[PDB]
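1. what would the 3D arrangement of this be:
(chains A and B)
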Amino acid sequence: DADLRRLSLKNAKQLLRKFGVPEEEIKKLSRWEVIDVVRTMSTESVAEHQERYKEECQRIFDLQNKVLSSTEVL
DNA sequence: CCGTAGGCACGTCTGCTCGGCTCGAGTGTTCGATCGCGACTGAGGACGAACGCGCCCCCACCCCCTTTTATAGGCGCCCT
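-> Numbering: from 1, shown residues only, chains lettered A, B, ... in the order given. Sure, the structure comes next:
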């Protein structure tokens, strides 16, 4: 977070251009918002923890539905 | 005198009581986490001071006013 705020708006603008951030966020260029967006993009937690639980539950549930209903002869 | 019945003793089953063990619930204490506040630092904008630029004025230099005097070609005007 330190060096991202050391980026001195202009180089952070060029970095947001490099990552592929849309031109609206580059255009507004409030520097705190820019550095929060570039920290988020360089990251790209409790809503992900429960979503990964739901994803793991859904995968095996769908897999169990497919195997035990299949009429494939093994 | 003999036979049989009764009484006692021991074994066994269970019914009660006492002791020991273990488990669960609660509360107090201590440690770690998180939040709030203050301080530091970075960035941006505004204000004041100093410098540099532009404009105006002043100063300096050179020529023009005349006279003279020799001497001569050319152009223009004025009265005879």
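
2. report the distance from the lengthiest helix in chain A to the chain centre.
-> The longest helix of chain A (DSSP state H) is helix A:46-69. The chain centre lies 20 Å from the centre of helix A:46-69; the measure is C-alpha atoms, centre = their mean, to the nearest Å.

3. same check, this time on stretch A:8-18
-> Between the centre of stretch A:8-18 and the centre of its chain there are 19 Å (C-alpha atoms, centre = their mean).

4. just stretch A:31-41 next, same as before
-> With C-alpha atoms, centre = their mean as the basis, the mean position of stretch A:31-41 lies at 14 Å from the chain mean.

5. figure out the helix or strand that the residue in chain A positioned nearest to DNA strand B lives in.
-> Proximity of chain A to DNA strand B (C-beta to the nearest atom of the strand) peaks at residue A:8, 4.8 Å away. Placement of C-beta: from N, CA and C, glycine included. Taking DSSP states H and E as the definition, residue A:8 sits outside all helices and strands.

6. quick check: phi and psi on it?
-> Backbone torsions for residue A:8, taken as degrees, to the nearest 10, come to phi 60, psi 70.

7. show me what contacts the residue nearest the centre of chain A?
-> Centroid-nearest residue in chain A: residue A:44, 4.0 Å away (criterion: C-alpha atoms, centre = their mean). By C-beta atoms under 8 Å, 6 or more residues apart in numbering, residue A:44 lies in contact with nothing.

8. 10 Å - rerun?
-> residue A:19 (C-beta atoms under 10 Å, 6 or more residues apart in numbering).

9. what's the answer for residue A:30, then?
-> Contacts of residue A:30 (C-beta under 10 Å, 6+ apart): A:9, A:36-37.

10. if anything else comes up later, I'll come back, but that's it for now.
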